[PDB]
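Top to bottom, those sequences are chains A and B.
First residue of the first sequence: 113, per the entry's author numbering; consecutive thereafter.
Going by the entry's author numbering, the letters in the second sequence line up with residues 113 to 165, 167 to 311, in that order.
Ideal Cβ positions, reconstructed from N, Cα and C, are used throughout, including at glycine.
Comments concern the structure below.
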Amino acid sequence: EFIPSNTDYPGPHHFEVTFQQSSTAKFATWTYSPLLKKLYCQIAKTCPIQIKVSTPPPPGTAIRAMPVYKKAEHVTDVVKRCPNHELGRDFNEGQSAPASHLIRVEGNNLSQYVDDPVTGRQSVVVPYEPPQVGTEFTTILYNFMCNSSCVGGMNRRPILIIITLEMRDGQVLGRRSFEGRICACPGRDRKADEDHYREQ
Amino acid sequence: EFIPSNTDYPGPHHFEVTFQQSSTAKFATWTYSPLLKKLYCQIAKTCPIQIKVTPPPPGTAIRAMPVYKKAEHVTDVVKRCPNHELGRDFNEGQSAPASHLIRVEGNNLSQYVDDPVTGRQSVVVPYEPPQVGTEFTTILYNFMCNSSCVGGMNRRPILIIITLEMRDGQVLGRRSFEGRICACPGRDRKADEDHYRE
DNA sequence: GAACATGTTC
DNA sequence: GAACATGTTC
Ligand SMILES: [Zn+2]
Ligand SMILES: [Zn+2]
């Protein structure tokens, strides 16, 4: 349990996590690499994630975002904000979410922020909301308060976002995961990363 | 007093601040440019600074103190970037306050002073007579934050303000020079000295 | 955004 | 130490 399972498992309900493709326009804040199942996002800059459910789940069902290290070695390490930002004045003050946590859900007040005493694991749970009428997808806002190169945070260590569809009980109804990249230039990094990996 | 004066003023005694030249072998933990009166130093890697003196009324002591080179930022107080101030790697092991950028390695008689009115951080040590056969006294120094350290002096150059002053704390000597805690003190000075030439 | 700065890898 | 990684200046 302390190491959570990256492994995708879309539940009985179709569990789809989709990033509505950013505006094509030049200034991206979060481009997502379909090919790399990787998300390059600017820091503390809201990026939204869509979730598609083929069939409705029993109520109280909810979604848990959780960051973790890709590097097997680090998986053991807990994902947390870099102290330097953890106390940082600039955002702690706007947002009620605990400083430590990396993943902030933006725009929900039922958002529950979690530390697993057993695993000392950061996460943030929100209760599933019916996709807007005439709308396919329940969209969510996620804020990352640490760069991927944030030293004393996950310096230099890639991470995975584990979004799970869970019962109140906690039974896993479906999970999807992808690489994250909080950087300064999610654009450049994506292209270099794409050319860098694809051209290989 | 809030903005300490960069200006050099060797006094009655000849205040000699000098870095005995580094090995000249390829590896450079630290280097000091005499052209730019700038010192390049790897982080937290001990760097030795000596001083050559007229003997000075006892209790005289010497204080290092960092200040931003950029006028705009002289007002700001140089301090360890949180993410280091917290940092386990060295904050444990040494007895000096994490806040502090400059650490003196050799002494236990060193005092790390956080001014209440200015709020500035510096370390004061008492002058020791150069050891016999030694022309001058030599003080270890430790910088616990890269010159490019976020939440500290993340991008902004600094000057080390060294001064020898009496127990009264009056100013007897003073010299300052720019510092740059980097990861590659060598390439930097060559880049910077190279740059300046052209 | 391209030029630059600056830490890290192999 | 060269070549890569990555926030930052203008
Ligand atoms: Zn951070
Ligand atoms: Zn630091």
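#### Entry: Per-residue DSSP class, three states only, for A/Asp228
The sequence position of residue 228 of chain A within the first sequence is 116, counting from 1. In the displayed model, A/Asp228 falls within coil according to three-state DSSP, outside both helix and strand.
### Query
Counting contacts by CB-CB distance shorter than 8 angstroms, is A/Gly232 in contact with chain B?
Within the first sequence, the letter at position 120 stands for residue 232 of chain A. Not an interface residue.
### Message
Closer than 9 angstroms between beta carbons: that is the criterion. Which residues of the region 253 to 274 of chain B meet it against chain A?
### Response
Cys262, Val263, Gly264 and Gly265
### Query
Is the CB-CB distance between A/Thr276 and A/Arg287 below 8 angstroms?
For the purposes of this step, residue 276 of chain A is identified with residue 164 of the first sequence, where counting begins at 1. For the purposes of this step, residue 287 of chain A is identified with residue 175 of the first sequence, where counting begins at 1. Yes, the pair counts as a contact, with Cβ atoms nearer than the cut-off.
#### Entry: Terminal residues of the beta strand (DSSP E) in which A/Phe203 lies
Along the first sequence, one-based indexing puts residue 203 of chain A at 91. It is not in any beta strand (DSSP E) - A/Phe203 instead sits in the alpha helix (DSSP H) that spans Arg201 to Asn204.
### Message
Taking CB distances under 8 angstroms as the criterion, tell me whether B/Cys194 reaches chain A.
### Response
Here residue 194 of chain B refers to the residue found at position 81 of the second sequence. For B/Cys194, the answer is yes, since a Cβ of chain A falls inside 8 angstroms of its Cβ.
#### Entry: Listed by chain order, chain B residues near A/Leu148 by CB distance under 7 angstroms
Here residue 148 of chain A refers to the residue found at position 36 of the first sequence. Within 7 angstroms Cβ-Cβ: nothing; A/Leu148 doesn't reach chain B, min ~27 angstroms.
### Task
Examine ligand 2 and report whether any of its heavy atoms sits within less than 7 angstroms of the Cβ of B/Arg193.
Residue mapping note: residue 193 of chain B aligns to position 80 of the second sequence, counting from 1. Under cutoff, so the answer is yes.
### Task
Identify which residue in B/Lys164, B/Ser135 and B/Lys150 has its Cα closest to the Cα of B/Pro242.
On the second sequence, residue 242 of chain B is found 129 positions in, with the first residue counted as 1. Closest option to B/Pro242, Cα to Cα, is B/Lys164.
### Task
Flag residue 166 of chain B as yes when its Cβ comes closer than 7 angstroms to any non-hydrogen atom of ligand 2, and as no otherwise.
One cannot assign coordinates to residue 166 of chain B, given that chain B in this structure leaps from 165 to 167.
### Task
Note down, in chain order, all residues in the region 198 to 225 of chain A with a beta-carbon under 9 angstroms from any beta-carbon belonging to chain B.
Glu198, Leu199 and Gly200
### Query
For A/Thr167, which of A/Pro122, A/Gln224 and A/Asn221 has the nearest alpha-carbon?
The sequence position of residue 167 of chain A within the first sequence is 55, counting from 1. Closest option to A/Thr167, Cα to Cα, is A/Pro122.
### Message
Tell me which residues share the same chain as residue 378 of chain A and place their Cβ nearer than 6 angstroms to its Cβ, disregarding the 5 neighbours each side in the sequence.
### Response
Outside the shown range of chain A (113 to 312) lies residue 378 of chain A, about which nothing can therefore be said.
### Task
Please work out which residues of its chain come closer than 6 angstroms, Cβ to Cβ, to B/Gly232, disregarding the five sequence neighbours upstream and downstream, and give them in chain order.
Reading the second sequence from its first residue, position 119 is the one you call residue 232 of chain B. Counting only Cβ-Cβ distances below 6 angstroms, and skipping sequence neighbours, we find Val190.
### Task
Answer yes or no: the CB of B/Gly200 versus the heavy atoms of ligand 1, is any distance below 7 angstroms?
Locating residue 200 of chain B in the second sequence gives position 87, counting from the first residue. Every heavy atom of ligand 1 is 7 angstroms or more from the Cβ of B/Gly200, so no.
### Query
From A/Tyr152, A/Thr143 and A/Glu291, pick the residue whose C-alpha is nearest to that of A/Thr119; which is it?
Along the first sequence, one-based indexing puts residue 119 of chain A at 7. Checking every option, the nearest Cα to that of A/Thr119 belongs to A/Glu291.
### Three-state class that DSSP yields for B/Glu113 in the structure shown
Within the second sequence, the letter at position 1 stands for residue 113 of chain B. B/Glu113 falls in the coil class under three-state DSSP.
#### Entry: One or two residues paired with A/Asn255 in a DSSP bridge
In the first sequence, residue 255 of chain A corresponds to position 143, counting from 1. Answer by DSSP bridge pairing, in chain order: A/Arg216.
### Task
Go to A/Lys157, then tell me how far its beta strand (DSSP E) extends in each direction, as first and last residue.
Counted from its first residue, the first sequence places residue 157 of chain A at position 45. No beta strand (DSSP E) contains A/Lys157, which DSSP labels as neither H nor E.
### Task
Measure the Cβ-Cβ separation of B/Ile115 and B/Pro179 and say whether it is below 8 angstroms.
Residue numbering aside, residue 115 of chain B sits at position 3 when the second sequence is read from its first letter. Residue numbering aside, residue 179 of chain B sits at position 66 when the second sequence is read from its first letter. For B/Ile115 and B/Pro179, no; Cβs fall outside 8 angstroms.
#### Entry: Residue interval of the alpha helix (DSSP H) (run including B/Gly292)
Position 179 of the second sequence, counting from 1, holds the residue named residue 292 of chain B. Where B/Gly292 is concerned, there is no enclosing alpha helix (DSSP H), although the beta strand (DSSP E) it sits in stretches over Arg288 to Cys295.
### Query
Cβ-heavy atom distance between A/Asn204 and ligand 1 below 7 angstroms?
Counted from its first residue, the first sequence places residue 204 of chain A at position 92. The answer is no for A/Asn204.
### Message
If I follow the unbroken beta strand (DSSP E) through A/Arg176, where does it start and stop?
### Response
For the purposes of this step, residue 176 of chain A is taken as residue 64 along the first sequence, with counting starting at 1. Counting along the chain, the beta strand (DSSP E) containing A/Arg176 begins and ends at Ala174 to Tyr181.
### A/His213 classed as buried or exposed, judged by whether at least 16 other C-beta atoms fall within 10 angstroms
Here the question's residue 213 of chain A lines up with position 101 in the first sequence. A/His213 comes out buried.
### Query
Can the beta-carbon of B/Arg280 be found less than 8 angstroms from the beta-carbon of B/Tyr152?
Residue 280 of chain B sits at position 167 when you count from the first residue of the second sequence. Residue 152 of chain B sits at position 40 when you count from the first residue of the second sequence. Between B/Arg280 and B/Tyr152, the CB-CB gap reaches or exceeds 8 angstroms.
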